[PDB]
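Computed over heavy atoms, backbone and side chain alike; hydrogens, waters and symmetry mates excluded. Read the numbers this way: they start at 1 and go in the same order the structure lists the ligands and their atoms. Throughout, a chain's letter reflects where its sequence line sits, starting with A, and its residues are numbered from 1.
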Amino acid sequence: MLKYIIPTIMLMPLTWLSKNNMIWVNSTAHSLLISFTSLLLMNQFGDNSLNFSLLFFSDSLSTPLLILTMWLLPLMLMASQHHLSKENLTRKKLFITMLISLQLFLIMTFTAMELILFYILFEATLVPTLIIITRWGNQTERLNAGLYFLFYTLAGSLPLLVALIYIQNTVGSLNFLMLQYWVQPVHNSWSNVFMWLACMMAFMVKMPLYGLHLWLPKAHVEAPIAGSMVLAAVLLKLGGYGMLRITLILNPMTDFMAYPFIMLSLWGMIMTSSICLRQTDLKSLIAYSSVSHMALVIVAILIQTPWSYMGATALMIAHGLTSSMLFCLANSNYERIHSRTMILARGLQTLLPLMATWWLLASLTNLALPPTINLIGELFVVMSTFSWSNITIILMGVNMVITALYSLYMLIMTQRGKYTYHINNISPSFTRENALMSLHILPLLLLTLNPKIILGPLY
Amino acid sequence: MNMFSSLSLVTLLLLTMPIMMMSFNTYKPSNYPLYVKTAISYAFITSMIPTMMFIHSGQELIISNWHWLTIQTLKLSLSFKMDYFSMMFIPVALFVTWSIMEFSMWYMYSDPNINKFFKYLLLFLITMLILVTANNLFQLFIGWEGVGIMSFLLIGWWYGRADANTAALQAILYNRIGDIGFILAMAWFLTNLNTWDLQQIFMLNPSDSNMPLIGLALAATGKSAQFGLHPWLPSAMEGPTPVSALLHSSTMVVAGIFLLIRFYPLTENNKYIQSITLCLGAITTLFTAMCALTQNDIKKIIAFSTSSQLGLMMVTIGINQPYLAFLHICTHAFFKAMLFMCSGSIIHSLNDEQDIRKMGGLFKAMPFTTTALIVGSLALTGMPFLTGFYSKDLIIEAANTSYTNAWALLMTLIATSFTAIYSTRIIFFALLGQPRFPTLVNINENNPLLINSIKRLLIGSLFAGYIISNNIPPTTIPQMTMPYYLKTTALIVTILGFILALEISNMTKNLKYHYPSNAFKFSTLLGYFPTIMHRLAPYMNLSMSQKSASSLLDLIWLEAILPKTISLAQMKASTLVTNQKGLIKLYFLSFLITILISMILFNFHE
Amino acid sequence: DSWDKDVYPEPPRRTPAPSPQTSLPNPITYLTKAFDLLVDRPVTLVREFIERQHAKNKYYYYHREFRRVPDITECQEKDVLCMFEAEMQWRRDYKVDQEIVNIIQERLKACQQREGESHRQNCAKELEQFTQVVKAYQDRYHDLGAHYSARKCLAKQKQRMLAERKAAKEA
Amino acid sequence: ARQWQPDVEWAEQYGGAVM
Amino acid sequence: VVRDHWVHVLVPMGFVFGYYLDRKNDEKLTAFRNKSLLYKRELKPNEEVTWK
Amino acid sequence: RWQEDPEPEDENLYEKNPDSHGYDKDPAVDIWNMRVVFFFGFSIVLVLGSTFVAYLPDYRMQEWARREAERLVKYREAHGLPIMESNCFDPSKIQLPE
Amino acid sequence: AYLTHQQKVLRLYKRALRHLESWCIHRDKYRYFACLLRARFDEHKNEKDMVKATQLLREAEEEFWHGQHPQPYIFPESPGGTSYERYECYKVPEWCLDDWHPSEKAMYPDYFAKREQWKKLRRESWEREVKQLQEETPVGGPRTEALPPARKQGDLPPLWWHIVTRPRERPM
Ligand SMILES: CCCCCCCCCCCCO[C@@H]1O[C@H](CO)[C@@H](O[C@H]2O[C@H](CO)[C@@H](O)[C@H](O)[C@H]2O)[C@H](O)[C@H]1O
Ligand SMILES: CCCCCCCCCCCCO[C@@H]1O[C@H](CO)[C@@H](O[C@H]2O[C@H](CO)[C@@H](O)[C@H](O)[C@H]2O)[C@H](O)[C@H]1O
Ligand SMILES: CCCCCCCCCCCCO[C@@H]1O[C@H](CO)[C@@H](O[C@H]2O[C@H](CO)[C@@H](O)[C@H](O)[C@H]2O)[C@H](O)[C@H]1O
Ligand SMILES: CCCCCCCCCCCCO[C@@H]1O[C@H](CO)[C@@H](O[C@H]2O[C@H](CO)[C@@H](O)[C@H](O)[C@H]2O)[C@H](O)[C@H]1O
Ligand SMILES: CCCCCCCCCCCCO[C@@H]1O[C@H](CO)[C@@H](O[C@H]2O[C@H](CO)[C@@H](O)[C@H](O)[C@H]2O)[C@H](O)[C@H]1O
Ligand SMILES: CCCCCCCCCCCCO[C@@H]1O[C@H](CO)[C@@H](O[C@H]2O[C@H](CO)[C@@H](O)[C@H](O)[C@H]2O)[C@H](O)[C@H]1O
Ligand SMILES: CCCCCCCCCCCCO[C@@H]1O[C@H](CO)[C@@H](O[C@H]2O[C@H](CO)[C@@H](O)[C@H](O)[C@H]2O)[C@H](O)[C@H]1O
C-alpha cells in the first residue's frame, strides 16, 4: 500500500511548495493521478485476498471503498476552492492539508490487516474532520456540532478499544487473517453480551444507528461542503466496514444480539424517511436521507447472509456517490442565495436548466431507479431480508414509497414551480460546478455496466 | 433464426439511435421531431418481419446475448423473449406511436421544448419495449420503473403549474405502492425457485403460488390503475394530450395487465387468484364507468373510459382467458389513441377548451375529426366487426358462460351499458346541437400532419381487429355454443345504453330545473375517494412526520435521554467539586474525615 | 462448433420441409434471400478478412490446473499454514459448484423454451437432474452464513451425518 | 453572509470567575 | 526541472518510491516461495526463483 | 458593539471574466484549472479507467470456474458419477463423536 | 369582512349566474333561467331595512350552496382551470439577460441597445419615486396597498418597473 500512502503524503509538500495561484491546480491534478493508480487494487482473486505485507491487505470489500476514497479527494478540492477564495493563503494550504491527511488515514484504515491498527486509524480521522468542521464551518452551531461528533464517536470507541485488547489477550492475535482461522464461537453469558456490544456500538454510532444518529444532522449540516462530502461518502462507511469485519468473531451470538438493532433500523428508516418529508433545510433533508439508507446497511450486515453482504457493499458505494452529489448540488444553490432553506429559492429549472438535469439524475439514483447500483444494492438487501422474515417486505416496501416522495419533493420544490421573484443573483452554472456534478453521476452510472467490482468479497 | 433474431434486435436498437444522437451531439436539430418520427416508422417495418415469421410457423425464440452478472447460482443475462405476446404487441405499439408522434408534431408545434418532448416520448416507448420483451424479472423491473419515471416526467410537462406537479407525484406514489407487490414477487421467486427467469418459474410450476401472485396482482393494481390505486390515471390528464394518448393506449396503463398475462401459466392453476382479479376487475370497470357518466372535461371522460376498459381486461384475467385479455390490449390501443387525438383536435381548435359544455355544433365544422370520433366511439362500444368487437364481444360471452362470481358478471354487464352512455355524452355534447364556444371562430383541422396521423389509426380502428384475429394461432377452445340470450347480451345492453343515454341527453334541453340527487354528486365527485383519501392520508402522514418523528423523538426525547441528561449531570458534579471556600480549616478537617473512614469503614490499614 | 455438445446437449433438429398449399408467393422466402445477399454475405466477408489476420498471429492461453491439497479434515486445529491451503481449496470448489448448478439450470431453461407447449412432459429429465443437483448443493453450502468457511461446512456435514446415523439406529 | 466568529457576547462567557 | 514545474515530480516520485518499497517488502516474505503444496514445482533449467 | 468590518459584497466572477470557468479569478489560472480537471478527470480516469476495468483479467476467477465446472460435468456424466454429492468432505476422513 | 353589502350581493349574483349556466348548458335554456333569477334579485332591489336585506342575503347564500354545481365551469386560464399556470415555466425574468454571454448579446444588438435605455430610465427615476412615496405617506406607514400616480412631467409612477417589464402572458 506504500504506492498509495507515499504519493498521498507527497501531496502535502506539493501543496506547500506550489505557487500561491496554483495550489488548487496542482493538488487537484495530482490527486486525480493518485485516483487513477488506485485501479491497480482490482487485482482480486476468487479465493485469496490481496495481502501485501504484515501491515496491509486488500480484498473486494476494502478495494471499492479505497477507490471511492481516493476519487473523492479531487472532487472535494473543486467543491471547496470557491468559498475559500478570500481565505488567507496559508490557511488555504492548511485546509488542503487536512483533506490530504484525512485521505491518508482513510486508505490505511481500509487496508490495515490488524484490528488495533484499524482502531488507531479509525480514530485518527476524527482530528482532521473535527478541525474542518469547527474551523471552516460558517455558523455558530459548528462548535456544538463538533462536540457532538467527537463525543458520540468516542463514547462508543473507548469500549471498543477495551474489547479489542481483551480479544487479543485471549486469542493471542488481532490480525484479520489469523482471526479467520482461529475464531471460536461466542457462548451465551452476560460477559459476552457486553463484549458483543463493545464490538458493535462504535460502528453503529458511525453508521449511524437510529437513536444514536443525532450527531449526524448537526455535523453534516454545519460542515463546509468538502467536510459534508467526506462525512457522507466515506466516514459513514467506516462504521459499515468495521461491522462487516468484526462480525466474523461474534457468531453465533449475533443471532439474538441483532434483534434490538434490526428493530431500530427497520423502524428507524421509516421514521427518518418520514422526517425528510417535513424538513425545511435542504442540507438537513439530505443528511436524514443518509440515515434512512444506512439503516438498510445495518440490517444487511446483521442478518449475515451472502446476498445481504453483497447488497450492503453495493449500497455503501452507491450511497457515497449519490449523497456526495446531493450535498454538492445543494451547495451550488447555497453559494448563490446564502441560505439552506429549501423553500427560499424555487422554480430553478427555469433559471438553471442544465443544473436541473443533475438534480433529476441525483434524485433518481436516490430513490433507487433500476438498474442503478443504488437499486442493485437496495434490492439485494430486500431479497435477503425477505428470507430472514417475510413480513419485512412491508417495512421495506413502505420505505421505498416514502423515499420516492421526499426525493421528488426536493426536486419539485427547488427546481419546479415559479421562481422566487426577489432572488435576482442566480448566475449561470459555472464549468467547475457542472464538471463537479458530472464526476459524481458519470462514474455512478458507469458502474451499472460492470457491477461485480462493487459487490464485495461474497460475489 | 438469423433473420428473425437479427431483425427483432434492430427494432430495439433503431429506437435508441435518436437517443444516442441527441445525447452525443451528432444530430441536426433542424427537424429532430421528424427524425424521431421517421425512426419509429422504420422500426415498425422491421418489426413486421419477425411477426410475419411467427404468423407463418409460430417461430419463437429467446435471446440471451449479454451475461451481465452472476450472483452465486443466479446468473442474470440481458435477455429478450420474442414470443406470441412480444411479436404482436410491438408492431401495434409502434404503429400507434407512429401516429401519436406525427400528431404531436402538429399539436406541440408551438412548444419551445418540442425536441425534448419527442426525446421523452421515445424514452417512454423504449422502456415499454424493454418491459414487454423482458425474459427475467430484473429486466422487467427496469422497464416497469422506466415507464413509471417517464410518466412522471411527461405528466408534469408544464412544471410551472402546481397541479401538474401534484398529479405527476401522485402517479409515482400510487405506482410505487403497487411496486411493493412486484418486489414481493421477486423475493418469493428467488427464495423458493432460485430464479428470476420466466422459463425456470414455469418449469418448476409452484403449486402454492398465493403469495407471489398476490404480489403480482398488487403490482398490476397500481400500474393498471384498478380500484384502490385508481385515482392517479384521471389525474394524469394534466399532461399534454399526446402524453395521454400514448400513456393510455400503449406504455404505462397496459403494463399491469400485461404482467398478469405473462404469468398465466401460474394464475391458470390458482383459483383463489382468479376470484380476486375477477372481483377487482369488476368493481373497477363498474366504478370508473359510473364516474365517467357525469364528467365534463373531455380528457377525463376518456381517461375514465381507459380505467373501465382496463378493469374489463382484469375481469378477463379473472376468468382464465389471458389471450382474450391480450387481444383487448391490442385492439384497445387503436381506437383509444384515436379518441385522445380527436379530443386534442377539438381542444386545439377551441383555444385549449376542454369542457364539453362549451363545445357543440362541431359535427359539420370539423368533419374529419367528427368521423374519427364516431368510428372511435363505435369501436369502443363493440359495434359489430369494428376493431373493438373482436375482443370485447368474445370476452363478454366467455364471461357469462364461465363458472364465475355472479356479482362480478352482473357488474361487468352494467359497465358495458355504461360504456354506451358516456360515449353518447361526448358525441352529443361535443358534436351535436348549437355551438357553445366563444365568438371568434378558429376551427381548422386541415393540417396534413393531423389528418394523416388520425387516418392511419382510423384504418386501424376498422380493420386491425379483423386482421389480428384471423392471423393469430388458436391457443384455447373458444366456447361457441350458448343460449341466444348469452350470445347477444353485450350487443343488447349496449343498445339499451345508447337509448337510455339519448333520452337523458335530450332532457337537458327542457326548461326544467332539478336539484342534484345524491347519486349525481357521488358520480361527479368520483365517489369522494380522491376528496377523502387525498386529504386524510397526506394529513395523517405529514402531521406525524413533523409532530412525532421529527419533534417529539429527534429534537426532544433522543436529545433528552442521552446527551442532554449526561451533560447536565457533569455540570452539576463540577459545581459541587469546585464550589469551595478556599479555607485551610475546612480542607484539613476533610483530611481527618478521610483518614477516619479509611480505617473505620474500609480497613485500609489492615 | 465452440462449446462441448455433451456439457450443453441439444436434441437433434427436425425442421419440416416446405409444403405450400397456396398459389401466393411467400413474403418470407424473398425476404430471406434479400437478407442473405445484403446482410449475411457482406458480414461474412468482413469476418473472413478478420480470420485471415488472426491466423497470421496464432497464440495460446491455458486453463489453470489446481493440484489437490489436503482438506480441512486433515488439518490439525489452529494450524494456519495447512488450514490456509485447505480453506483456499474449499473456496475454489465452492465457486465451481456454483457454476455447476448454473449449467444444470441453463439446461433446464433451454429445454423449457425448446419444447414449447410440451415442456411439462418433455423436460422431466432436466427437472430431475436439476432437483438432484440443487439438493446436493443445498446440503453442502446452505445456511453457512456470510462468514462461511471449510470449518463451518465440516460442522454442517458432521451434524447431518450424526442425524443419519441416529435415523438408521431407529431402523 | 460570511463565516461567523465569536463576538463580545460570546467571548464574555469565558471571562467570569467560573464557567 | 524548470523553476516553474519541479513540484510536479513529487507525487510521481512518491509513487515510484512506494512501488519500490512494496517490492522490497515482498523480499522479506519468501519463506514459502516454491514451497506451498499447491504451487511447489521444479525450477526451469535457467530459472533462479519462481517469483521475485 | 465594537470596531468591525462590514460584510463584504458578493463577487460575481462573470462581471470581470465573462468567459469564467468558475475556478479562479485569474483568467489564465482559471483555464488551466479547467484543463486539468477535464483531462485528468474525464480523459484519463473515466475513459482509460473504464477501459482498464472492462479488460480486467478474469476478475475473481468467475470465468475459470465456469470452464472448470464444464470439465467436471463432462467427466462425471461420461463416467456415470453423480454431478454433485451432498458431502463436501470424504466421510472416511471423519470421526463422528459418541 | 371588508366587502360592503352591495359587493356581496353583486358577487353572489355573478356566481349564481355562472353555476346556473353550468346546469343549463344550452344557451336558450340559460337565457330563460337567467331572467327568472334576475327577477328574483330585482324583487328586493329597493329593500331599505338593512336588517331585512342582510337576512335575504343570508338565505340566498344558503340556497346557493345547496344548489351549486358540484363541477362548475371554469375558464381554462382561471384559477382551477385546465390551463392555469400552464405558461409559468416559460416566463423568465428580464434580469436574466444581464448574465448573457457577450456572444449571445451580439446576436441582438438592437434589442440590447433599447434595453440599456430602459435600464437607464430606471436608475434616473428611482430617487424621485422613493422621495415621492416618502412625502405622500402618513407617519406610521401607509394604510392601504394603493399607490399614487406621477404628479409632474417626467416623473414616472412610483414602483413601476416590475409592472411594466413583467413577462408576457404568452412568452414562448
Ligand atoms: C440494546 C441492548 C440489547 C440487550 C440484549 C439483551 C440480551 C440478553 C441475553 C441473555 C442471555 C445471556 O446468557 C445467559 O447468561 C447466563 C449467566 O447467568 C447463563 O446461565 C448461567 O447463569 C444462570 C444464572 O442466572 C444460571 O441459570 C445458569 O445455570 C448458568 O449456567 C446462561 O447459560 C446464558 O443463557
Ligand atoms: C431498542 C429496541 C428494543 C426492542 C425490544 C427488543 C428486545 C430484544 C431482546 C434480545 C433477545 C433476548 O432473547 C434472546 O432470545 C434468544 C433466542 O432467540 C436466546 O438464545 C439462546 O436461548 C435459546 C433458547 O432460548 C437457545 O437456543 C440458545 O441457548 C441461545 O440461542 C437468548 O438467550 C435470549 O436472550
Ligand atoms: C452502435 C450504433 C450502430 C449504428 C451506427 C450508425 C451511425 C450513423 C449515424 C448517421 C447520422 C445519425 O444522426 C442523424 O441522422 C439523421 C438521419 O440521417 C439526420 O437527420 C436528418 O434526417 C431527418 C429525417 O430524415 C430529419 O428530421 C432531419 O431534419 C435531418 O437532419 C441527422 O442530420 C443526423 O445527424
Ligand atoms: C352497438 C352500437 C349500437 C348503436 C345504437 C345507436 C342508437 C340507436 C337508436 C337510439 C334511439 C333513437 O332515437 C329515438 O328516435 C328519435 C331520434 O331519431 C328520438 O326523438 C328525439 O328527437 C329530438 C332530437 O331532435 C329530441 O329533442 C326529442 O326529445 C326526441 O323526440 C327519440 O327520442 C328516440 O327514441
Ligand atoms: C448516545 C451515546 C453517546 C452520547 C454521548 C453524548 C455526550 C454529550 C455530547 C455533547 C456535549 C455538548 O455539551 C454541551 O451540551 C449542551 C446541550 O446538549 C450545549 O448547550 C446548549 O444546549 C443547552 C441545553 O439544551 C442550553 O442550555 C445551552 O444554552 C445551549 O448552548 C452546550 O453547547 C454543549 O457544550
Ligand atoms: C456513555 C458515556 C458518554 C460520555 C459523554 C462525554 C460527557 C462530556 C460531558 C460535558 C459536560 C459539560 O457540558 C455542559 O452541559 C450543560 C447542559 O446543561 C451546558 O449548560 C447549558 O445548559 C444549561 C441548562 O440546560 C444552562 O444552565 C447553561 O447556561 C448552558 O450553557 C454546559 O454549557 C456544558 O458545559
Ligand atoms: C506524470 C505527472 C504529470 C503531472 C501533470 C500536472 C499538470 C499541471 C498543469 C499546470 C500547468 C501550469 O503551468 C503554467 O505554465 C506557465 C508557463 O509555462 C507559467 O507562467 C505563466 O503564469 C501566468 C499566469 O498568471 C501567465 O499569465 C504567463 O503566461 C506565465 O508567466 C504558469 O505559472 C504555470 O502555472
Side-chain angles (χ1 to χ4, degrees), chain A residues 140 143-144 146-160 162 185-190 192-194 196-198 201-202 204-205 209-215 250-268 271 295 298 302 388-389, chain B residues 6 9-10 12-23 29-42 101-102 105 114-115 118-119 122 449 553 557-575 577-578, chain D residues 9-10 12-14 16 18-19:
Chain A
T140 302
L143 304 174
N144 237 65
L147 297 176
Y148 266 59
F149 171 67
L150 169 72
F151 289 110
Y152 258 89
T153 287
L154 281 167
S157 291
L158 293 169
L160 170 65
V162 182
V186 183
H187 299 303
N188 300 172
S189 75
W190 290 114
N192 275 340
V193 159
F194 285 102
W196 192 102
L197 282 165
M201 281 325 270
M204 296 272 189
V205 174
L209 174 80
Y210 180 70
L212 307 171
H213 65 292
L214 300 187
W215 63 267
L250 298 181
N251 297 317
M253 171 159 290
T254 307
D255 284 334
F256 68 88
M257 283 308 304
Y259 272 106
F261 304 96
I262 289 167
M263 292 316 108
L264 278 164
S265 297
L266 285 166
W267 190 240
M271 286 286 97
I298 289 164
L302 287 185
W388 186 82
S389 176
Chain B
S6 179
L9 285 185
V10 317
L12 306 169
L13 185 72
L14 212 158
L15 296 167
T16 67
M17 291 180 68
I19 300 301
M20 275 151 18
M21 283 321 120
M22 194 90 141
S23 62
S30 38
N31 207 354
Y32 180 81
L34 174 60
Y35 170 36
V36 159
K37 187 215 81 188
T38 297
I40 295 267
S41 71
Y42 276 72
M101 261 183 191
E102 190 166 336
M105 295 165 61
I114 189 181
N115 278 19
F118 270 72
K119 183 216 212 157
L122 185 57
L449 293 170
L553 263 42
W557 274 123
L558 292 182
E559 284 273 20
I561 64 192
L562 280 165
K564 303 272 175 158
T565 271
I566 290 151
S567 71
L568 195 80
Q570 308 324 315
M571 175 175 72
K572 187 270 206 148
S574 180
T575 62
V577 162
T578 50
Chain D
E9 284 256 305
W10 188 277
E12 313 221 275
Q13 298 173 313
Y14 309 95
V18 306
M19 279 304 300

(request) Would you verify that at least one protein heavy atom lies under 4.0 Å from atom 28 (C) of ligand 6, or report that none does? (result) no
(message) Return the closest protein heavy atom for atom 5 (C) of ligand 6 as residue, atom name and distance.
(response) B:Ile566 CG2, 4.2 Å
(message) How far is atom 22 (O) of ligand 2 from the closest protein heavy atom, and which atom is that?
(response) A:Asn188 OD1, 4.3 Å
(message) For atom 20 (O) of ligand 6, what's the nearest protein heavy-atom neighbour? Residue, atom name and distance, please.
(response) B:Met571 SD, 3.9 Å
(request) Starting from atom 3 (C) of ligand 6, locate the nearest protein heavy atom and write down its residue, its atom name and how far away it is, to 0.1 Å. (result) A:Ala155 CB, 4.0 Å
(request) Among all protein heavy atoms, pick the one closest to atom 2 (C) of ligand 2 and tell me residue, atom and distance. (result) A:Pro260 O, 4.0 Å
(request) Answer yes if a protein heavy atom lies under 4.0 Å from atom 16 (C) of ligand 2, otherwise answer no. (result) yes
(request) Could you list which atoms of ligand 6 come closer than 4.0 Å to a heavy atom of B:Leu568? (result) 18 (O)
(request) Give a yes/no on ligand 3: does B:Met17 have at least one heavy atom closer than 4.0 angstrom to it? (result) yes
(request) Identify, for atom 34 (C) of ligand 2, the protein heavy atom at the shortest distance, and state residue, atom and that distance. (result) A:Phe256 CD1, 4.4 Å
(message) Quick check on contacts: which atoms of ligand 3 are under 4.0 angstrom from a heavy atom of B:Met21?
(response) 12 (C), 13 (O)
(message) Can you confirm whether or not the ring centre of A:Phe261 sits under 6.0 Å from the ring centre of A:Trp267?
(response) no
(message) For atom 6 (C) of ligand 6, what is the closest protein heavy atom, and at what distance to 0.1 Å?
(response) A:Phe151 CD2, 4.0 Å
(request) Answer yes if a protein heavy atom lies under 4.0 Å from atom 11 (C) of ligand 6, otherwise answer no. (result) yes
(message) Counting non-hydrogen protein atoms only, what is the nearest one to atom 9 (C) of ligand 6? Give residue, atom name and distance.
(response) B:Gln570 CG, 3.6 Å
(request) Output yes when the distance from some N or O of ligand 3 to some N or O of B:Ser30 is under 3.5 Å, and no in every other case. (result) yes
(request) Starting from atom 13 (O) of ligand 6, locate the nearest protein heavy atom and write down its residue, its atom name and how far away it is, to 0.1 Å. (result) B:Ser567 CB, 3.7 Å
